[PDB]
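Next up: a single chain in structure tokens, the form deposited in one PDB entry.
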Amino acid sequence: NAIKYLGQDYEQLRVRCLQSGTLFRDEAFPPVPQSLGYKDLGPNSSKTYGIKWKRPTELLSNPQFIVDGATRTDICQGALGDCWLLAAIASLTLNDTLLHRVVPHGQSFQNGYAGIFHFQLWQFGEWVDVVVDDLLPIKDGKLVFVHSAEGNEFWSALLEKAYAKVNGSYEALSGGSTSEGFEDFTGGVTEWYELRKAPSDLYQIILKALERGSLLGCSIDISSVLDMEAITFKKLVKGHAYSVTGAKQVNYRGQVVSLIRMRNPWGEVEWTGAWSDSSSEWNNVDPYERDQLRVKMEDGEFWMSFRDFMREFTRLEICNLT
């Protein structure tokens, strides 16, 4: 049904490997310096020094494709500036049908393992099935790029690998917090908002985008590279893409307050202002609202008020489907 990237046929390649008692080695994306990168991850780079390509089945006795669902907690940025892509993947997990397109859930390391996995990527303006072998860059016994908070989980590492594959290298995934040089992730129309000059009904726009399963991301702009990925006083990261993962209205001190939830794809480092995990704003909402929305954990995810949100962040991007 879906076009096969480069004519590679997952099931056909899988059984060939099974029947010959072997593990898949992708010719289309070899475990080689050029697959890593071309400059910062380039030949002989100190960043790539000591990298080896190892299967999860070499690292562990119990590797898992999916552990407790394929969720946003499974997206932790490694040593690669692919924050926009990782933020989009985190947002994609919130969309159940789209997630089950992109990440075929049947796959595992247990039954019929041949060192091969596949994903359905939006490429050339259609759904494209992409195979990968499960060799992944490792440094000091750990994944170099995206990892899950669950150490034996590999769907996201493998998904990032498929993206690296269709772009020719991992470094090719790097860049800015915007869709700079990144083709359609979604195919539908992309909406862009400068937050200081937003439509008066922006909160409702965000809310309805989330409800219909669009992907939302936001970032703070920069001019020079000396303040690139610079950390704010209240611990926001500049020039870095965040997933917008939720929006809720609360009754705060008797008044309707609009709140917005976002996730740093680092899976750590969070806003410390009003509505943060440990902030006192939660003492002034209905205790049951509090219990329902607040989660006290260093997980990259946090709430802000929508007003503080539009003050702090420069832009919101919405990626719609077809």
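A residue's number is simply how far along the shown sequence it sits, counting from 1. Shifts are known only where both forms have a C-alpha. Between two forms, the rigid core is the largest collection of C-alphas that superpose within 1.5 Å.
The protein also exists as the form deposited in another entry; that form is not presented, and the subsequent description refers to it.
Participant: With the two forms fitted on the rigid core, I'd like to know which residue in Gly176, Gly246, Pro104, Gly213 is displaced by 2 angstroms or more at its CA between the shown form and the other one.
Facilitator: Result of the comparison: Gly176.
Participant: Once you overlay the rigid core, does the Cα of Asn167 travel 2 Å or further between the shown form and the other one?
Facilitator: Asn167 C-alpha, core-superposed: shift of less than 2 Å.
Participant: After superposition on the rigid core, does the Cα atom of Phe185 shift by at least 2 Å between the shown form and the other one?
Facilitator: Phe185: C-alpha displaced by 2 Å or more between the shown form and the other one.
Participant: What happens to the Cα distance from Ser177 to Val237 in that other deposited form: does it get closer or farther than here, with a change of 3 angstroms or more?
Facilitator: Compared with the shown chain, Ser177-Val237 is farther in that other deposited form.
Participant: Since the C-alpha distance between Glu183 and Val32 changes by 3 Å or more in that other deposited form, give its direction relative to the shown form: closer or farther.
Facilitator: Farther apart, which means the C-alphas of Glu183 and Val32 are at least 3 Å more distant in that other deposited form.
Participant: After the core superposition, state the residue ranges of at least 3 consecutive residues in which each CA shifts by 2 Å or more between the shown form and the other one.
Facilitator: In sequence order, the runs that relocate between the shown form and the other one are 176 to 189, 223 to 225.
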